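Shown below: target-v5.txt, with compact mmCIF, C-alpha atoms.
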```txt
# COMPACT_ATOMS: atom_id res chain seq x y z
CA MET O 1 -9.13 -9.81 -9.72
CA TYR O 2 -8.93 -11.24 -13.23
CA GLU O 3 -8.43 -15.03 -13.32
CA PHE O 4 -6.61 -16.38 -16.39
CA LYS O 5 -7.41 -19.97 -17.36
CA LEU O 6 -6.13 -22.00 -20.31
CA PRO O 7 -9.05 -22.14 -22.85
CA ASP O 8 -9.82 -25.30 -24.83
CA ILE O 9 -9.29 -24.23 -28.45
CA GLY O 10 -9.56 -27.83 -29.62
CA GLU O 11 -11.90 -30.61 -28.48
CA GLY O 12 -12.29 -31.46 -24.79
CA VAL O 13 -8.58 -32.04 -24.16
CA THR O 14 -7.69 -32.50 -20.47
CA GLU O 15 -4.07 -31.44 -19.98
CA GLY O 16 -2.04 -28.28 -19.33
CA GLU O 17 1.75 -28.11 -19.89
CA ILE O 18 3.89 -24.95 -19.93
CA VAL O 19 6.93 -24.96 -22.22
CA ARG O 20 7.89 -21.25 -22.09
CA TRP O 21 6.87 -18.25 -19.93
CA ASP O 22 6.65 -14.64 -21.20
CA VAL O 23 6.29 -13.04 -17.75
CA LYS O 24 7.84 -13.25 -14.27
CA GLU O 25 6.63 -12.49 -10.74
CA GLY O 26 7.39 -8.96 -9.50
CA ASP O 27 7.38 -7.48 -13.04
CA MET O 28 4.92 -5.20 -14.85
CA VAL O 29 3.26 -6.15 -18.17
CA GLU O 30 1.43 -4.32 -20.97
CA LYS O 31 -1.43 -5.41 -23.24
CA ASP O 32 0.98 -6.57 -25.96
CA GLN O 33 2.86 -9.85 -25.49
CA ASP O 34 2.77 -12.97 -27.71
CA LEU O 35 5.85 -14.82 -26.44
CA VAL O 36 3.87 -17.39 -24.43
CA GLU O 37 3.60 -20.99 -25.63
CA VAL O 38 0.98 -23.37 -24.25
CA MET O 39 0.98 -27.09 -25.06
CA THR O 40 -2.23 -29.13 -24.79
CA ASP O 41 -1.75 -32.59 -26.33
CA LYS O 42 1.34 -32.57 -28.57
CA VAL O 43 1.50 -29.16 -30.28
CA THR O 44 2.89 -25.68 -29.58
CA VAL O 45 0.54 -22.73 -30.19
CA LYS O 46 1.27 -19.03 -29.61
CA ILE O 47 -1.49 -16.73 -28.29
CA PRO O 48 -1.37 -12.92 -27.58
CA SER O 49 -2.28 -11.67 -24.08
CA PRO O 50 -5.11 -9.01 -24.17
CA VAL O 51 -4.57 -8.21 -20.47
CA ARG O 52 -2.60 -5.71 -18.34
CA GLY O 53 -2.12 -4.92 -14.64
CA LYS O 54 0.10 -6.16 -11.76
CA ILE O 55 1.38 -9.70 -11.12
CA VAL O 56 0.91 -10.82 -7.50
CA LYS O 57 2.35 -14.36 -7.49
CA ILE O 58 3.17 -17.45 -9.60
CA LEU O 59 1.97 -20.91 -8.51
CA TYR O 60 3.11 -22.71 -11.69
CA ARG O 61 6.69 -23.40 -12.79
CA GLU O 62 8.30 -24.47 -16.06
CA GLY O 63 7.89 -28.17 -16.87
CA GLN O 64 4.78 -28.50 -14.68
CA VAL O 65 1.79 -30.50 -16.00
CA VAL O 66 -1.77 -30.38 -14.59
CA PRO O 67 -5.30 -31.32 -15.93
CA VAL O 68 -7.31 -28.47 -17.49
CA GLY O 69 -9.42 -26.53 -14.96
CA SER O 70 -7.29 -24.13 -12.90
CA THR O 71 -5.90 -20.59 -12.70
CA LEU O 72 -2.21 -20.42 -13.58
CA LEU O 73 -1.91 -16.93 -12.09
CA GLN O 74 -3.82 -14.47 -9.87
CA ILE O 75 -3.89 -10.92 -11.23
CA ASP O 76 -5.53 -7.87 -9.67
CA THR O 77 -7.16 -5.27 -11.94
```
Step by step, read the file and then write its structure as structure tokens.
Amino acid sequence: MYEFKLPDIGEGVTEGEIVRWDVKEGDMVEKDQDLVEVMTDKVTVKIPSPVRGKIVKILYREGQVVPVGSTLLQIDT
């Protein structure tokens, strides 16, 4: 039941926008994927995913913007 939340690398920053997704619902993933881009204010930064398991469901879609402080995906481990 690992909950993945967007960490604040920079200052406070209160915004979460998804430009590209590296995974899809109903598919398996391995601890080795760095094709995910997360935009905070006005910059694109790539970060590797140190997690693995099974994807249950996706509540967020491409082009969706929401203030920082939520889980973009529920994953069982």
- Using only C-alpha atoms, which residues sit within 10 Å of residue O:68 once same-chain residues fewer than 5 positions away are excluded, as a list in words?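 Skipping anything fewer than 5 positions along the chain leaves residues 5, 6, 7, 8, 12, 13, 14, 15, 16, 17 and 40 of chain O.
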- Query: Using all atoms listed in the file, which of the listed residues (O:19, O:61, O:54, O:11) sits closest to residue O:74?
  - Reply: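 With all atoms listed in the file as the atom set, the closest residue is O:54.
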- Message: Measuring between all atoms listed in the file, which one of O:32, O:3, O:22, O:37 shows the shortest distance to residue O:52?
- Response: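 Closest to residue O:52, using all atoms listed in the file: O:32.
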- Message: Give me the residues near stretch 27-31 of chain O as a ChimeraX atom specification, where near means some atom within 12 Å (using all atoms listed in the file) and where sequence neighbours in that chain fewer than 4 positions away do not count.
- Response: /O:22-23,48-58,75-76
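Atom pair atom CA of residue O:4 / atom CA of residue O:43 has a distance of 20.5 Å (rounded to one decimal).
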- Query: Do you have the atom CA of residue O:65-atom CA of residue O:77 distance handy?
  - Reply: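 Value for the atom CA of residue O:65-atom CA of residue O:77 distance: 27.1 Å.
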- Residue with smallest distance to residue O:66 - pool O:39, O:9, O:45, O:1, counting only C-alpha atoms: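 That would be O:39, the residue with the smallest distance to residue O:66.
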- Atomic distance atom CA of residue O:24 - atom CA of residue O:10, expressed in Å with one decimal: 27.4 Å
With 6 Å on each side, where is the centre of the axis-aligned box around all listed atoms of stretch 64-70 of chain O, and how long are its edges in Å to one decimal, as AutoDock Vina command-line options?
```
--center_x -2.3 --center_y -27.7 --center_z -15.2 --size_x 26.2 --size_y 19.2 --size_z 16.6
```
- Best match for closeness to residue O:67 among O:26, O:41, O:36, O:46, counting all atoms listed in the file: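 Of the candidates, the smallest distance to residue O:67 is held by O:41.
Each of O:2, O:38, O:33, O:44 was compared to residue O:62 using all atoms listed in the file, and O:38 turns out to be the nearest.
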Assuming the input is short of atoms at stretch 35-55 of chain O, produce N, CA, C and O atoms for that part as a PDB file, keeping the file's coordinate frame.
```pdb
ATOM      1  N   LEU O  35       4.688 -13.941 -26.588  1.00  0.00           N
ATOM      2  CA  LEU O  35       5.850 -14.820 -26.440  1.00  0.00           C
ATOM      3  C   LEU O  35       5.561 -15.914 -25.415  1.00  0.00           C
ATOM      4  O   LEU O  35       6.454 -16.355 -24.691  1.00  0.00           O
ATOM      5  N   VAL O  36       4.301 -16.344 -25.363  1.00  0.00           N
ATOM      6  CA  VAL O  36       3.870 -17.390 -24.430  1.00  0.00           C
ATOM      7  C   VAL O  36       3.413 -18.595 -25.244  1.00  0.00           C
ATOM      8  O   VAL O  36       2.587 -18.465 -26.147  1.00  0.00           O
ATOM      9  N   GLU O  37       3.955 -19.763 -24.921  1.00  0.00           N
ATOM     10  CA  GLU O  37       3.600 -20.990 -25.630  1.00  0.00           C
ATOM     11  C   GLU O  37       2.940 -21.980 -24.684  1.00  0.00           C
ATOM     12  O   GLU O  37       3.504 -22.350 -23.655  1.00  0.00           O
ATOM     13  N   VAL O  38       1.733 -22.412 -25.049  1.00  0.00           N
ATOM     14  CA  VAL O  38       0.980 -23.370 -24.250  1.00  0.00           C
ATOM     15  C   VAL O  38       0.777 -24.652 -25.051  1.00  0.00           C
ATOM     16  O   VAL O  38       0.358 -24.616 -26.213  1.00  0.00           O
ATOM     17  N   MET O  39       1.101 -25.782 -24.420  1.00  0.00           N
ATOM     18  CA  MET O  39       0.980 -27.090 -25.060  1.00  0.00           C
ATOM     19  C   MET O  39      -0.162 -27.883 -24.432  1.00  0.00           C
ATOM     20  O   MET O  39      -0.216 -28.055 -23.216  1.00  0.00           O
ATOM     21  N   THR O  40      -1.079 -28.358 -25.271  1.00  0.00           N
ATOM     22  CA  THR O  40      -2.230 -29.130 -24.790  1.00  0.00           C
ATOM     23  C   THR O  40      -1.929 -30.623 -24.883  1.00  0.00           C
ATOM     24  O   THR O  40      -1.630 -31.270 -23.879  1.00  0.00           O
ATOM     25  N   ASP O  41      -2.011 -31.159 -26.099  1.00  0.00           N
ATOM     26  CA  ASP O  41      -1.750 -32.590 -26.330  1.00  0.00           C
ATOM     27  C   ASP O  41      -0.304 -32.791 -26.778  1.00  0.00           C
ATOM     28  O   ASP O  41       0.537 -33.247 -26.004  1.00  0.00           O
ATOM     29  N   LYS O  42      -0.021 -32.433 -28.029  1.00  0.00           N
ATOM     30  CA  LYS O  42       1.340 -32.570 -28.570  1.00  0.00           C
ATOM     31  C   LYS O  42       1.583 -31.515 -29.653  1.00  0.00           C
ATOM     32  O   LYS O  42       2.035 -31.836 -30.754  1.00  0.00           O
ATOM     33  N   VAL O  43       1.291 -30.257 -29.331  1.00  0.00           N
ATOM     34  CA  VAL O  43       1.500 -29.160 -30.280  1.00  0.00           C
ATOM     35  C   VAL O  43       1.764 -27.853 -29.552  1.00  0.00           C
ATOM     36  O   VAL O  43       1.270 -27.635 -28.446  1.00  0.00           O
ATOM     37  N   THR O  44       2.550 -26.982 -30.180  1.00  0.00           N
ATOM     38  CA  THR O  44       2.890 -25.680 -29.580  1.00  0.00           C
ATOM     39  C   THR O  44       2.157 -24.565 -30.321  1.00  0.00           C
ATOM     40  O   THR O  44       2.358 -24.366 -31.519  1.00  0.00           O
ATOM     41  N   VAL O  45       1.307 -23.838 -29.597  1.00  0.00           N
ATOM     42  CA  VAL O  45       0.540 -22.730 -30.190  1.00  0.00           C
ATOM     43  C   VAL O  45       0.783 -21.424 -29.437  1.00  0.00           C
ATOM     44  O   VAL O  45       0.748 -21.387 -28.207  1.00  0.00           O
ATOM     45  N   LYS O  46       1.024 -20.350 -30.194  1.00  0.00           N
ATOM     46  CA  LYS O  46       1.270 -19.030 -29.610  1.00  0.00           C
ATOM     47  C   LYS O  46      -0.019 -18.213 -29.577  1.00  0.00           C
ATOM     48  O   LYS O  46      -0.778 -18.195 -30.545  1.00  0.00           O
ATOM     49  N   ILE O  47      -0.272 -17.544 -28.447  1.00  0.00           N
ATOM     50  CA  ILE O  47      -1.490 -16.730 -28.290  1.00  0.00           C
ATOM     51  C   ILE O  47      -1.148 -15.378 -27.641  1.00  0.00           C
ATOM     52  O   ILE O  47      -0.422 -15.341 -26.646  1.00  0.00           O
ATOM     53  N   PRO O  48      -1.648 -14.269 -28.160  1.00  0.00           N
ATOM     54  CA  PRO O  48      -1.370 -12.920 -27.580  1.00  0.00           C
ATOM     55  C   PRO O  48      -2.170 -12.694 -26.292  1.00  0.00           C
ATOM     56  O   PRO O  48      -3.278 -13.211 -26.155  1.00  0.00           O
ATOM     57  N   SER O  49      -1.606 -11.936 -25.348  1.00  0.00           N
ATOM     58  CA  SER O  49      -2.280 -11.670 -24.080  1.00  0.00           C
ATOM     59  C   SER O  49      -3.012 -10.309 -24.103  1.00  0.00           C
ATOM     60  O   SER O  49      -2.364  -9.263 -24.057  1.00  0.00           O
ATOM     61  N   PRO O  50      -4.334 -10.288 -24.159  1.00  0.00           N
ATOM     62  CA  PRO O  50      -5.110  -9.010 -24.170  1.00  0.00           C
ATOM     63  C   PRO O  50      -5.394  -8.519 -22.744  1.00  0.00           C
ATOM     64  O   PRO O  50      -6.507  -8.094 -22.434  1.00  0.00           O
ATOM     65  N   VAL O  51      -4.394  -8.611 -21.864  1.00  0.00           N
ATOM     66  CA  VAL O  51      -4.570  -8.210 -20.470  1.00  0.00           C
ATOM     67  C   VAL O  51      -3.394  -7.375 -19.958  1.00  0.00           C
ATOM     68  O   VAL O  51      -2.285  -7.463 -20.488  1.00  0.00           O
ATOM     69  N   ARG O  52      -3.645  -6.565 -18.924  1.00  0.00           N
ATOM     70  CA  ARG O  52      -2.600  -5.710 -18.340  1.00  0.00           C
ATOM     71  C   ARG O  52      -2.928  -5.404 -16.878  1.00  0.00           C
ATOM     72  O   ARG O  52      -4.098  -5.326 -16.503  1.00  0.00           O
ATOM     73  N   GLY O  53      -1.895  -5.221 -16.050  1.00  0.00           N
ATOM     74  CA  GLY O  53      -2.120  -4.920 -14.640  1.00  0.00           C
ATOM     75  C   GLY O  53      -0.860  -5.173 -13.794  1.00  0.00           C
ATOM     76  O   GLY O  53       0.237  -4.747 -14.160  1.00  0.00           O
ATOM     77  N   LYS O  54      -1.024  -5.862 -12.653  1.00  0.00           N
ATOM     78  CA  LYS O  54       0.100  -6.160 -11.760  1.00  0.00           C
ATOM     79  C   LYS O  54       0.109  -7.640 -11.400  1.00  0.00           C
ATOM     80  O   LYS O  54      -0.940  -8.218 -11.115  1.00  0.00           O
ATOM     81  N   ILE O  55       1.289  -8.269 -11.431  1.00  0.00           N
ATOM     82  CA  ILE O  55       1.380  -9.700 -11.120  1.00  0.00           C
ATOM     83  C   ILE O  55       1.670  -9.895  -9.630  1.00  0.00           C
ATOM     84  O   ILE O  55       2.669  -9.399  -9.109  1.00  0.00           O
TER      85      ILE O  55
END
```
